[PDB]
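Residue numbers (the deposited numbering): 1 to 212.
Each residue gets a CB set at the ideal place from its N, CA and C atoms; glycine is no exception.
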Amino acid sequence: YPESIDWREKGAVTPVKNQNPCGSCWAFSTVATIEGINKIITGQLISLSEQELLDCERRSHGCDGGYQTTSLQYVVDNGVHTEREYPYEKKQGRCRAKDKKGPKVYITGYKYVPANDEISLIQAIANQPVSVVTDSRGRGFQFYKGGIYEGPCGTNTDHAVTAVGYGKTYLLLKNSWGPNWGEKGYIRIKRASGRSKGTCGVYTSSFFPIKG
Ligand SMILES: *[C@@H](C(=O)O)[C@H](O)C(=O)N[C@@H](CC(C)C)C(=O)NCCCCNC(N)=[NH2+]
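This is the structure in structure tokens:
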């Protein structure tokens, strides 16, 4: 793997979005990975629809939270519309996926990253943006301003985010709380060495889409 990577710089990352006040991070996390792998494979960077997952992927619990596996599987089974055609409404509504006839993006599957292991995660991000989770309950995280975040934070993960890169000592994370949070929407989180739940539990549960 390269010493560092920034998928933003490689053009595989769309502008930061704002999920609030709907607790639909699961959808934002998944969509960002889809946006990323689509660019890597097809050369196209297009903002895709969190609202479709929200309205249509109902194994997850809408604004009350959801799952990486079910949301990734949704895109395998059904593909996903652009954000432009299916915009965010900040709340679950009727699944209108069938009513929309515009451009869609499909994936063919997804892979789970072996958990609690630095290099397994780093190796995955080297290839594509990855869906990851963090413990976001704390003042330090919620009011993060900038720099490499080393703590304080627990490992009781409750928020799904997107790993869009790393450096020697950190993982670059796209958050979904708008561009006014952290570093223009992003947080750089310390790389815990080796076997570890990771800083803020960032090694806990990681998945990435496959577009073959
Ligand atoms: C996170 C957010 O929008 O801030 C959102 O609550 C969420 O989807 N969180 C996930 C985090 C996991 C580590 C992937 C989550 O909690 N998913 C499980 C189901 C949601 C909670 N359960 C119920 N009963 N709603």
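If you check the C-beta of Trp26 against ligand 1, you find a heavy atom less than 6 Å away.
Within the region 7 to 79, the alpha helix (DSSP H) runs of at least 4 residues that lie entirely inside it are, in chain order, 25 to 42, 50 to 56, 68 to 78.
Taking C-beta atoms under 8 Å as the contact rule, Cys200 and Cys153 qualify, at a distance of about 4 Å. Where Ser131 is concerned, there is no enclosing alpha helix (DSSP H), although the beta strand (DSSP E) around it starts and stops at 130 to 134. Within its own chain, the residues whose Cβ lies closer than 8 Å to the Cβ of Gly194, once the five positions on either side in sequence are excluded, are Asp117, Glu118, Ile119, listed in chain order. Between the region 167 to 175 and the region 37 to 53 there are fewer than three inter-stretch CB-CB distances shorter than 8 Å, so the stretches are not counted as touching.
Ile37 sits close to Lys211, with the two beta carbons spaced by under 7 Å. Nearest Cα to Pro103 within the set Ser176, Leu171, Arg84: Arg84. Out of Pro15, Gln92, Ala126, the CA that lies nearest to the CA of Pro2 is found in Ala126. Look at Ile122 here: in three-state DSSP terms it is helix. In this structure, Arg139 is the residue among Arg139, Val31, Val161, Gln19 with its C-alpha nearest to the C-alpha of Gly151. Within the same chain, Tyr86, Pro87, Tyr88, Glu89 come within 7 Å of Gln51 by CB-CB distance, once the 5 residues on both sides are set aside.
For the 7 Å CB-CB criterion, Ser71 and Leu53 form a contact.
Short note on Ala160: C-beta closer than 6 Å to some heavy atom of ligand 1. In this structure, the C-beta of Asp55 stays at least 6 Å away from each heavy atom of ligand 1. The closest CA to that of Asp55, considering only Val76, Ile34, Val80, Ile189, is found on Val80. Rounded to whole angstroms, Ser176 and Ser24 show a C-alpha spacing of 9 Å. The closest heavy atom of ligand 1 lies less than 6 Å from the beta carbon of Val133.
Distances from the CA of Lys111 to each of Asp6, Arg59, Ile34, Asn78 were compared; the closest alpha carbon is that of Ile34. The beta carbon of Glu57 sits closer than 8 Å to those of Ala27, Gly66, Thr70, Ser71, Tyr74, all from its chain and outside the five residues before and after it, given in chain order.
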